[PDB]
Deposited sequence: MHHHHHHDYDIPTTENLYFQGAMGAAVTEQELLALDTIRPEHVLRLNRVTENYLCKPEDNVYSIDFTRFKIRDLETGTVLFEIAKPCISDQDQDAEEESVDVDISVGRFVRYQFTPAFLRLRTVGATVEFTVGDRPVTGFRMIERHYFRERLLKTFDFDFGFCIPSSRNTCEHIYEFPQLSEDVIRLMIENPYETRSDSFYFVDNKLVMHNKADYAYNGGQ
């Protein structure tokens, strides 16, 4: 199907996975509100491994309770862009409502250029508890020119992560990235 705009999706009754898969630019604004996370999904830890070498690259964890939402800025080193197969172990809590079809679509762009879409299922989740999921990211094979542009233009690589439960958008996190660490 043809490309859709951020403004078109905001006018819909419900945003479905198939709809965000036709966005052709990273969004400017968010496509849902914090209060749409009616399942209280809260990411608490992720551990990132290079699956070719088995090396743990890094682990990020949450340090009155706070939930960081909506936006993360990452600065990586240039070798990050040379990875091929990266495993993410993602820990998260969920609230008291049962979750079905928890699905994540991530779209990564350098400026206006889509680099890669990832579309993962989270699997079965126990309510009111910590849950864990492993995702395997097969990185795009980036050209040398694109790699150079991404290193030279920090934070112009950006992503949208759209999280669905039962085919309805419930969370939308954004990020930008540099590779000049």
Lining up the deposited sequence with the coordinates, I want the ranges that have no C-alpha atoms. 1 to 23, 87 to 101, 220 to 221
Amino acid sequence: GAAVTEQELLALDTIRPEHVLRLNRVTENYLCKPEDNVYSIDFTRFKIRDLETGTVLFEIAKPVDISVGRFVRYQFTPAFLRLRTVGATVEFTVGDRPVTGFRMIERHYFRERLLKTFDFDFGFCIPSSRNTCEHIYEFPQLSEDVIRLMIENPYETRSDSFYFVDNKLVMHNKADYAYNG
From here on, numbers count along this sequence of modelled residues.
Per the PDB record, is the mean Cα temperature factor higher over 29 to 37 or over 126 to 134? 126 to 134
If you take the mean CA temperature factor per stretch, which one wins between 79 to 87 and 104 to 112? 79 to 87
State the tercile, meaning the lowest, middle or highest third, of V20 with respect to the CA B-factors recorded for its chain. lowest
Place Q141 in the lowest, middle or highest third of its chain's C-alpha B-factors, as listed in the PDB entry. highest
Considering every modelled residue of the chain and its Cα B-factor in the PDB entry, is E156 in the lowest, middle or highest third? lowest
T53, C-alpha B-factor rank within chain (lowest, middle or highest third): highest
Is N167 in the lowest, middle or highest third of its chain when residues are ranked by C-alpha B-factor? highest
